[PDB]
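Quick setup: one chain, the form deposited in one PDB entry, written in structure tokens, and binding and motion questions come after.
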């Protein structure tokens, strides 16, 4: 009962500090992403995660200012923030969730068992949703992978986190190319591309999809150089025309020609055709040929989720999949027809 008490500015509301108290401060993480503690809210009893960073007093913060314009239930909610190695740290109080998709995938795999397809449908849909909400701002995550997909096991609700790498993409302004974890890095980035679009999130989510079908990473590779070699094995060698689309700085190739290994004989035998059809639309050399998140939500692979008489393996109802705002449908309103099925329109 060693209660810390600070004054903290609410995350999405108006700029009006309150008093807040909590306890049970133990460390849960410490790495590239920063320094995170678990903690317990005195009043409610609820759990939280608290990220801590030395902040350059004379400057804004790119992570804080991105999270303060966000309120989506597939995105980890920022509750409060405040300040406090010698001088000035920034603190962010976040919703706590104990399991991840990576952890859950890992368990099925090492025991030599496949992830039931229903869980594959649930997880990607909610991800594509989460991508659609941020892409309607210009904000690109730039670190989609299974370890950044938090998950409630009993309910199935899933929440993207870690907006440390996230950035608002602007036409004409250059951006760094060595970014995202290697196995989930789009080929344009590899090629040196500097004015890439938010469709790099869509590539990465494709790599996550295939992983959940095979029970292991689709493109490993043992270096930044070897990562395009593992890709080429599957999609063959790209054309000068494809290489132009990714980066207009390459004219001559540096690695012999290979032909495309077909999609059907990459996975196992019983795999559903729409999983494979979808996967082909995500993993394309050409950025503009890849689907949009919202278009991905409307794929025929997710039709089972829009059934009314559908439940989880533990009997329960599925979480709400059809409470789309206008902001969320804003990039293509016509799709409402499909995204919201009849029974979810009940006046």
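In this text, the rigid core denotes the largest set of C-alpha atoms whose superposition between the two forms falls within 1.5 Å. Positions refer to the first chain, counted from 1.
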Chain break class at residue 84/residue 85 - deposited residues not modelled: 4 to 9
Mean temperature factor over C-alpha atoms, higher-scoring stretch between 166-174 and 265-273: 265-273
336-344 versus 4-12 - greater average Cα B-factor per the deposited record: 336-344
Residue with highest C-alpha B-factor in the PDB entry, from 147, 126, 257, 181: 257
Largest Cα B-factor, entry values, listed residues 110, 185, 142, 77: 110
CA B-factor ranking of residue 194, expressed as a third of its chain: middle
Residue 130 by Cα B-factor - lowest, middle or highest third of the modelled chain: lowest
Residue 221 - Cα temperature factor, lowest/middle/highest third of chain: middle
B-factor third for the C-alpha atom of residue 200 within its chain: lowest
Ranked against its chain, the third holding the CA B-factor of residue 96: lowest
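Another form, the form solved in complex with a partner chain, is not on view; read the next lines as being about it.
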is_contact(residue 79, its partner chain) in the deposited complex, heavy atom dist at most 4.5 Å: no
Residue 225: touches its partner chain in the deposited complex, heavy atom cutoff 4.5 angstroms: yes
Distance check, residue 113 to its partner chain in the deposited complex, heavy atom within 4.5 Å: no
Its partner chain contact in the deposited complex: residue 233, any heavy atom under 4.5 Å: yes
190, 255 and 258 each touching its partner chain in the deposited complex (heavy atom, 4.5 Å): yes
Answer range among 200-208, 67-75, 245-253, 130-138 for contact with its partner chain, defined in the deposited complex as heavy atoms within 4.5 Å: 245-253
Contact residue in the deposited complex, chosen from 118, 169, 229, 157 - any heavy atom within 4.5 Å of its partner chain: 229
Of 289, 70, 54, 42, the one whose Cα moves 2 Å or more between the shown form and the other one after core superposition: 54
Did residue 32 shift 2 Å or more between the shown form and the other one, C-alpha, core superposed: yes
CA of residue 254, rigid core aligned, shift of 2 Å or more between the shown form and the other one: yes
